[PDB]
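Coming up is one lone chain in structure tokens, specifically the form solved without the named molecule.
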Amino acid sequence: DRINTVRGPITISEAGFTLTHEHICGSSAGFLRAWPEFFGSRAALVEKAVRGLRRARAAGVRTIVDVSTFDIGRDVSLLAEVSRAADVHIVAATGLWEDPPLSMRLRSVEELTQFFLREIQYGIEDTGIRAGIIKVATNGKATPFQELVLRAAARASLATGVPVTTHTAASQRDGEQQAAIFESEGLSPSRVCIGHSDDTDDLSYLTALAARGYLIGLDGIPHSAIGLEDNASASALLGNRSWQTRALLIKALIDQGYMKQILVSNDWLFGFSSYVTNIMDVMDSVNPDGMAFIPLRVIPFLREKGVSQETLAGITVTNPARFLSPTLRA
């Protein structure tokens, strides 16, 4: 019962209020090292992230789970530096997202399992920092390689107790296939969060997952392009459903009896090179609260709509602790 962070193991009690799907920087493997000026400078990115995490900490956040994989350009040295300076725990991820390079896409399920286990059990690169979560992705029907990634993630989870969290095209109901593959490997749904699930309003899809034991990641609450006029790229990324609409899915699942299975987050970033240039500026204009958006805006909104403080504390503290603490069956 300890959770690996970029600064070492922490007890479940130390995690506190936890955002379960966030990014310091959404990039690509090697990109921050090769082209730091894309972000102004590495120091500028560090400074921005520390300011943002300090603001989140002032609003009550104690831990974020950075679900950046290898192919999101996860730099655990950057995460450790930012975590130290902001006094916010950061859980790092292994796994693979939607942009694996050839050297990953040509691998077998066994090889991929070895790589994920390396990052969980030994360390990331030469840093000794161990991942506390496994991140995977589909965008519609899984590609053949994505099927291997899902299976390898299940195998790594079954060996270590570390949970799996997923990226979906929620409107395509990807979670159903993801669940099918995970269960074919014997993985407990208690160890899996189906993420980007606030991208859909289909309650039959969401409750079908929750009914069989999955955690539901409502992780992009502030993502919306409403009020951005004539920005095609921002609308394609963020959608045109309001943050209130996304947040009300939290209340819906509470009202259906799934309060213990909800995980809430911002899916925010402090740099973002894997999309159009200046998307970060657009996103910061939409949501200047950044990662503090959940505690500063969503929690009071749900309280106004009748959700209790106790229930929201369970969702933001108890559920992330139960999810992250390593086990085969949570």
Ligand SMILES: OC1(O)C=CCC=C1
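All residue numbers refer to positions in the sequence shown, first residue = 1.
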property	result
Higher-B stretch (mean Cα B-factor, as the entry records it), 151 to 159 or 218 to 226	218 to 226
Residue range whose averaged C-alpha B-factor is higher in the record, 262 to 270 or 291 to 299	291 to 299
Largest Cα B-factor, entry values, listed residues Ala180, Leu96, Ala142, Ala232	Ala232
Out of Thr200, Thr168, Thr113, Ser103, highest CA B-factor residue	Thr200
CA B-factor ranking of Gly128, expressed as a third of its chain	highest
Position of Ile64 among the chain's modelled residues by C-alpha B-factor, lowest, middle or highest third	middle
Cα B factor band for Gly314 (lowest, middle or highest third within the chain)	middle
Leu249 - which third its CA temperature factor falls in, relative to the rest of the chain	lowest
Third of chain Cα B-factors occupied by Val109	lowest
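Missing here is the form deposited with the named molecule bound; even so, the following discussion is about that form.
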| query | finding |
| --- | --- |
| Listed residue (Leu269, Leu32, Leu263, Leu45) with a non-hydrogen atom within 4.5 angstroms of the named molecule in the deposited bound form | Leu269 |
| In the deposited bound form, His89 touching the named molecule (heavy atom, 4.5 Å) | no |
| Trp243: touches the named molecule in the deposited bound form, heavy atom cutoff 4.5 angstroms | no |
| 4.5 Å heavy atom contact, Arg191 to the named molecule in the deposited bound form | no |
| Non-hydrogen atom contact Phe182 with the named molecule in the deposited bound form at 4.5 angstroms | no |
| Residues of 10 to 40 having any heavy atom within 4.5 Å of the named molecule in the deposited bound form, listed in sequence order | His21, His23 |
